[PDB]
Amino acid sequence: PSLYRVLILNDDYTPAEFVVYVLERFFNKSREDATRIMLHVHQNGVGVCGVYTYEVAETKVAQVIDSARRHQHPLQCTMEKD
């Protein structure tokens, strides 16, 4: 079964603390891991949030976009085969 990684992209608008919040809320990240991934996205432009089956990855991507827009942030989230 081929799994899929969920990615978040950097942007200049979305607050760092919201990205940490998203990682903790939707990707079961510890505070430390969420902070490191957020910083990785900031530094490298993209970061890996988790790995799931195709349909679950689709769900996570959707949940992040929904949350982000309702929080008034343009945060971009997508997926790739892992």
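Start at 1 and count along the sequence shown; that's the residue number.
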Pull the Cα B-factor of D12 out of the PDB entry and bin it into the chain's lowest, middle or highest third.
highest
By its CA B factor, does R69 count among the lowest, middle or highest third of the modelled residues in the chain?
lowest
Binned into thirds over the chain's modelled residues, the C-alpha B-factor of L75 lands in the middle
According to the PDB entry, is the CA B factor of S30 in the bottom, middle or top third of its chain, that is, lowest, middle or highest?
middle
For the chain shown, is the CA B-factor of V48 in the lowest, middle or highest third of its modelled residues?
highest
